[PDB]
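Residue numbers (the entry's author numbering), protein chains in the order written: chain A, 2 to 173; chain B, 2 to 173; chain C, 2 to 173; chain D, 2 to 173; chain E, 2 to 173; chain F, 2 to 173.
Note that CB positions come from ideal geometry on N, CA and C, so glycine has one too.
Protein chains: 6
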Amino acid sequence: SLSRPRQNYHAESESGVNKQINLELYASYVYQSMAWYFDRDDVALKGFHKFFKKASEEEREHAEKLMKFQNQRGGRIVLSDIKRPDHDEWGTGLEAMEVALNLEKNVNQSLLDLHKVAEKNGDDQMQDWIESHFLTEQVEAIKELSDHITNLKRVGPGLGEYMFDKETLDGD
Amino acid sequence: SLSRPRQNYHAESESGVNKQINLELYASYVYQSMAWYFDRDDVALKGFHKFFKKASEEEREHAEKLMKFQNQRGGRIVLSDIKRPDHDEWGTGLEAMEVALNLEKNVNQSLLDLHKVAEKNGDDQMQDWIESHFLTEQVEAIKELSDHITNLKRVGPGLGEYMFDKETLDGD
Amino acid sequence: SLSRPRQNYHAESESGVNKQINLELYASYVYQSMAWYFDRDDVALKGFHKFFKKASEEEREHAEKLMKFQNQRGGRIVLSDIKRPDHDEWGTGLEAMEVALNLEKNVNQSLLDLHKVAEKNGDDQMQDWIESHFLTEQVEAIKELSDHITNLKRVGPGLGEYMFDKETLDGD
Amino acid sequence: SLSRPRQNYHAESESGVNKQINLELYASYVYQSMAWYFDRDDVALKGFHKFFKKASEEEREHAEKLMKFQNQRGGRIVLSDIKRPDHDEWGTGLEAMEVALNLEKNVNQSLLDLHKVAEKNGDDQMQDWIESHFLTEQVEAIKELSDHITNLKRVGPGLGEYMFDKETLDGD
Amino acid sequence: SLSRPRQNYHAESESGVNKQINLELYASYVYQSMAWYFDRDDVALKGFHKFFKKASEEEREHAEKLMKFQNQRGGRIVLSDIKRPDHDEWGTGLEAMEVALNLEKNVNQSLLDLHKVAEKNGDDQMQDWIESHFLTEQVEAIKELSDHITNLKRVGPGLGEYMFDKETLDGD
Amino acid sequence: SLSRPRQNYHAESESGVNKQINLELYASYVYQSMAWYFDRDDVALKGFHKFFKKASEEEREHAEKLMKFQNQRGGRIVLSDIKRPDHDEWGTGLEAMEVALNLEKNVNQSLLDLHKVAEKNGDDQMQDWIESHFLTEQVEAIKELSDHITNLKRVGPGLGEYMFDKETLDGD
Ligand SMILES: [Mg+2]
Ligand SMILES: [Mg+2]
Ligand SMILES: [Mg+2]
Ligand SMILES: [Mg+2]
Ligand SMILES: [Mg+2]
Ligand SMILES: [Mg+2]
Ligand SMILES: [Mg+2]
Ligand SMILES: [Mg+2]
Ligand SMILES: [Mg+2]
Ligand SMILES: [Mg+2]
Ligand SMILES: [Mg+2]
Ligand SMILES: [Mg+2]
Ligand SMILES: [Mg+2]
Ligand SMILES: [Mg+2]
Ligand SMILES: [Mg+2]
Ligand SMILES: [Mg+2]
């Protein structure tokens, strides 16, 4: 029995939105782990803390954008376990930014794959929605992380990392 | 002799925009009929009146969005009779909301069909225009009507219908 | 079974209000056709566009004044097809103003005929209502269109039409 | 090698804070599931939606209070999988409030158990911290849910549930 | 060695963005030539001057939108000579507006061709970006130039051209 | 047939102004290339980006100052191809500032050479105009670039370049 709103919305698209929901929540958890790693007394970079804390809140917003979309189209949210991140510790500011870029590139591919499911099933509204909410925001996030990685390599460790935290990440 | 602006704009697309203009004007007329039905002394629901009056004005705005688009692309507006609605009377608030949802789903399909004409003829700008102006607005309208139908069934007839008119539709 | 409000309201008057509703909606559609004709890239007169767009919205307001009146007196709105206008194209600014005047004079007669139905059936309130809402507004509209026609003949075609659009119709 | 801040902070307390972090994140996920269930077109209670959405954000704040505390005391955050909730669907507003109360009572016990670990290990600051941040907030949350359950039983299903959503939960 | 941001970005798309950069800069130079032609003591139309000066600045902004896009996607800007325009002199206001429309239609085709390269290579983000930034803006620019050409033919040479400069182009 | 304004304005001066127009536009293009090089994900210096972007806009303003001057004196603007810059890549912040200084010194000589043409032909107004608009502005630009080069050598590569971008160029 099809939900009352449902029109031009395919079971593969509905299932793909649930898979993207879990990935956004997973990315939220990775950024949360990194945020609180930078609050450790033996790491102590408030800029990096604030940056990954905000990244974590944004990913949970992405998850909730997809939950609202699922309900708009008359699909049904199915939640899965949010897997713990692969590491308890995240190294230097540079190493954490590289992990961030690799995560954002994996989320980007997964969004393009979900756009392909929409396209395969003739879902013109879902393709446009993914384009409006996600595809350009992911390009912007990937360029920003690439800029940060270039600058963290330019400033180098020690004082450089500290000044990057103060200047680019507005630490404090 | 092609109009001065005309570029990548197919006769099938031009004709499809005229057909969508008439459908938007038709939907405007159905909502107008329902609006003034709720102003009857023997129906007397100001919330429902205000809701369908606004829906009617929006559909005429949709019609005028398509008239402006036709002229932008160098096509020519051709108007047809606006058929009277299928009923003089529209029953209960619940029955009118169900008629609304069925109308919005028929307008939605017709917009996806017009997007398919654009796509078939390689009209990338017209596909994006339909996506920006219509496809997401239709999804939102269909979800809102589905929410209203669920709530009108929850509150039930009599006092429930009255309180829905006061609370959700801000009657008065 | 007479509606609860109904007092001194004759079946001929009720039927005449439904006929005037359709005529107001028809006039609305003619003005809408002319409005969007003046938005064509090959006509391109923003003053004329704005003038007929406003005329169109006013005629739909007239239609809704009569719908409210029908319900006030305990009559029942019966909607008919809104016939498409007699032309797709409307010529020069002067030619469109002459079509406007001829339409307003036909709506005026039809209002005087409806006033005669009210009078024949002793409906003192309906005669006064038509006088308050319509008869003087029609005289004003006819005088304004006659003034515009005189001025469009004075300024002549080409630059004159352009300056009339800028000065009298406040184009832009 | 003990972290630089660490003083009077026992391995059992550190491990108990990580277990409470996962429970707060779990409760956050249950409230998130319930929030978006109430946004379904076939459930459509904006008050319940807003209430569980806020409850979800608060539980994630609780999780982050414990992450900050772990780092303050020189312990180390260890994250585990956030288990999916036990249900995809949550029934009536009344049924969801009862699930909420049962969850808050299980989180409450778990906080008293964590306070007992602190007490067993002579951690006077950690006992006071749990008292300041959690023990009274849990009593308040449990009393509020008990009040809501009493009122949802008083108003009854259908119109009652709708009016509770409008009046007590400020729906819209 | 692929740049750090690069994902789903094809060499044909990168090369097409460099070709569109040069075309936008070329169009900027044509509008600049026309702007300063209208500042000649023997042409002296401040409205036309201001209009083509703004058109020139906008085209250079288009060029810079594509430079930012190239860098966002991890491609590399390659600049070519900006060819001088085909004429030193641009005739009447009407003749310059017709040259403008022909230029905007050639830039429009070139944007649709670049969208086709994006589409051929499955670049969903680049297609949406071209749609958001360019395809509708080009339709609007072409309709405006078509409107101006219609009006410059309506007003005729001499006084008409002067009044068009004062009224539509706000000369001074 | 001499233009109506022309007085004491020599063909050599008119031709020299057209040559300076092309040089200013060339310098604009070099600064634009350098601006967008500093926006590359693998260069990523917002201060340098903003500095060369502004330098580029100023050089195009210089070009337009000379176009206005040509028309004031009754000469005729003749535009040539704007040659692409000699490099796609511009190295370190220090290397780009040295390229800037060398460009500004070549533009300076070319302005003194144009002043000599004015002087040779007794054009007292054109000599004063070049003095007022250009000769002191070039001295100021050359001193500023020399100061920046001294400071980029003082701070050294890596962190020094980053801090120069933040402090002297107000990056962000
Ligand atoms: Mg995300
Ligand atoms: Mg794809
Ligand atoms: Mg699209
Ligand atoms: Mg868009
Ligand atoms: Mg519509
Ligand atoms: Mg389709
Ligand atoms: Mg009327
Ligand atoms: Mg009479
Ligand atoms: Mg009176
Ligand atoms: Mg909690
Ligand atoms: Mg105890
Ligand atoms: Mg352009
Ligand atoms: Mg195409
Ligand atoms: Mg210069
Ligand atoms: Mg000298
Ligand atoms: Mg001097």
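Query - Residues near ligand 7, criterion Cβ-heavy atom distance below 6 angstroms - result: The answer, residue by residue, is C:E25, C:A28, C:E60, C:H63, C:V108.
Query - Beta carbon proximity, A:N72 to chain D, threshold 8 angstroms - result: For A:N72, the answer is yes, since a Cβ of chain D falls inside 8 angstroms of its Cβ.
**Report entry** beta-carbon C:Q73 near ligand 3 non-hydrogen atom, thresh 7 angstroms
**Finding:** Distances between the C-beta of C:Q73 and the heavy atoms of ligand 3 are all 7 angstroms or more.
Query - Validate contact between the stretch 57-70 of chain B and the stretch 26-34 of chain B using beta carbons, cut 8 angstroms, 3 pairs - result: Yes, the stretch 57-70 of chain B is in contact with the stretch 26-34 of chain B.
**Report entry** Residues of the stretch 66-94 of chain B with Cβ closer than 9 angstroms to any Cβ of chain C, in chain order
**Finding:** So the list reads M68, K69, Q71, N72, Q73, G75, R77, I78, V79, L80, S81, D82, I83, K84, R85, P86, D89, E90, given in the order they occur along the chain.
Report task. Under 7 angstroms from any heavy atom of ligand 16, by CB: list those residues in chain order, please. Result -> Going along the chain, the residues that qualify are F:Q128, F:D129, F:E132.
Query raised in the report: Would you say F:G159 faces chain A, with C-beta separation under 8 angstroms as the test?
Result: Residue contact check for F:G159 against chain A: a CB pair falls below 8 angstroms.
Report task. Buried or exposed for A:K69, please, with buried defined as at least 16 other CB atoms from any protein chain shown within 10 angstroms of its CB. Result -> Exposed.
Query raised in the report: Between E:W91 and E:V79, is the Cβ-Cβ spacing less than 8 angstroms?
Result: The criterion of a C-beta distance shorter than 8 angstroms is not satisfied by E:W91 and E:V79.
Query - Proximal residues of chain A, C-beta to C-beta of F:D42 below 7 angstroms - result: Result: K144, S147, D148, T151.
Report task. Spell out a yes or no on whether the stretch 110-123 of chain A and the stretch 8-17 of chain A are touching, meaning 3 or more CB-CB pairs, one atom from each, closer than 8 angstroms. Result -> Taking 8 angstroms as the limit for Cβ pairs, the verdict is that the stretch 8-17 of chain A does touch the stretch 110-123 of chain A.
Requested in this report: Kindly indicate which residue of A:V156, A:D166, A:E141, A:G123 has the alpha-carbon position closest to the one of A:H11.
Outcome: Of A:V156, A:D166, A:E141, A:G123, the residue nearest in Cα terms is A:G123.
Query - chain D contact residues for A:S111, given Cβ-Cβ distances below 7 angstroms - result: Chain D residues near A:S111: none, gap ~19 angstroms exceeds 7 angstroms.
Query raised in the report: Are C:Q139 and C:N109 close, meaning C-beta to C-beta below 8 angstroms?
Result: Yes. Within cutoff.
**Report entry** Contact list for F:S34 against chain E, beta-carbon separation under 8 angstroms
**Finding:** Against chain E, the beta carbon of F:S34 has neighbours under 8 angstroms at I78, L80, listed in chain order.
**Report entry** Contact set between C:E105 and chain E, taken where Cβ atoms lie within less than 7 angstroms
**Finding:** Here the premise fails: no neighbours, minimum Cβ distance about 26 angstroms.
Query raised in the report: chain E beta carbons: is any one of them nearer than 8 angstroms to that of A:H116?
Result: Taking 8 angstroms as the threshold, the shortest C-beta distance from A:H116 to chain E falls below it.
Query raised in the report: Since A:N9 meets chain B, which of its residues come closer than 7 angstroms, beta carbon to beta carbon?
Result: Near A:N9 (Cβ distances below 7 angstroms), the residues of chain B are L113.
Query raised in the report: Going by Cα to Cα distance, which pick from E:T93, E:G94, E:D114, E:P86 is closest to E:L104?
Result: Considering only E:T93, E:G94, E:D114, E:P86, the residue with the shortest C-alpha distance to E:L104 is E:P86.
Query raised in the report: Under the criterion of a Cβ to heavy atom distance below 7 angstroms, does E:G123 qualify as lining ligand 2?
Result: The answer is yes for E:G123.
Requested in this report: Please specify which runs of the alpha helix (DSSP H), each continuous and at least 4 residues long, are wholly inside the stretch 43-110 of chain D, giving them in chain order.
Outcome: Fully enclosed alpha helix (DSSP H) runs of no fewer than 4 residues occupy 47-74 of the stretch 43-110 of chain D, in order along the chain.
Requested in this report: Using a Cβ-Cβ cut-off of less than 7 angstroms, give me the residues of the stretch 119-144 of chain E that come near chain A, in sequence order.
Outcome: For the stretch 119-144 of chain E, residues whose beta-carbon sits nearer than 7 angstroms to a beta-carbon of chain A comprise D125, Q126, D129, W130.
Query raised in the report: Looking only at C-alpha atoms, which of F:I22, F:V44, F:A36, F:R7 sits nearest to F:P158?
Result: For the set F:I22, F:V44, F:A36, F:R7, the Cα lying nearest the Cα of F:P158 is the one of F:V44.
Query raised in the report: Count the other CB atoms within 10 Å of the CB of B:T169; is the residue buried (16 or more) or exposed (fewer)?
Result: Counting Cβ neighbours within 10 Å, B:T169 comes out buried, since at least 16 surround it.
Query raised in the report: Over what stretch of residues does the alpha helix (DSSP H) that includes B:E168 continue unbroken?
Result: In the DSSP assignment, B:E168 falls within the unbroken alpha helix (DSSP H) covering 160-168.
**Report entry** CB contact check: B:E168 to chain D, cutoff 8 angstroms
**Finding:** For B:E168, the closest Cβ of chain D is nearer than 8 angstroms.
Query - Closest by C-alpha distance to B:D166, when choosing among B:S4, B:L3, B:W130, B:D40 - result: Among B:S4, B:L3, B:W130, B:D40, the Cα nearest to that of B:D166 belongs to B:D40.
Report task. Compare the C-beta of A:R155 with all C-beta atoms of chain F and state if any pair is closer than 8 angstroms. Result -> It does; some Cβ of chain F falls within 8 angstroms.
**Report entry** Sequence-distant residues of its chain with Cβ nearer than 7 angstroms to A:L24 (five each side left out)
**Finding:** The residues are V108, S111.
Report task. Examine ligand 8 and report whether any of its heavy atoms sits within less than 7 angstroms of the Cβ of E:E99. Result -> Because no heavy atom of ligand 8 lies under 7 angstroms away, the Cβ of E:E99 does not count as near it: no.
Requested in this report: Following the continuous alpha helix (DSSP H) through D:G17, name the residue where it begins and the one where it ends.
Outcome: 12-38 is the extent of the alpha helix (DSSP H) around D:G17.
Requested in this report: Spatial neighbours of D:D173 within its chain, please: CB distance less than 8 angstroms, with the 5 preceding and 5 following residues excluded, ordered by chain position.
Outcome: Excluding sequence neighbours, D:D173 sits near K47, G48, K167.
Query raised in the report: So does C:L113 have its beta carbon nearer than 7 angstroms to some heavy atom of ligand 8?
Result: Between ligand 8 and C:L113, a heavy atom-to-CB distance of less than 7 angstroms is present.
**Report entry** Closest Cα partner of B:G75 within the set E:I150, E:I143, E:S2, E:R5
**Finding:** When the alpha-carbon of B:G75 is set against those of E:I150, E:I143, E:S2, E:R5, the nearest one is in E:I143.
Query raised in the report: Given a threshold of 16 other Cβ atoms within 10 Å of its Cβ, counted over all protein chains shown, does D:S2 qualify as buried or as exposed?
Result: Under this definition D:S2 is an exposed residue.
**Report entry** Cα-Cα separation, D:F135 to D:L113
**Finding:** As the crow flies, the alpha-carbon of D:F135 is around 10 angstroms from that of D:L113.
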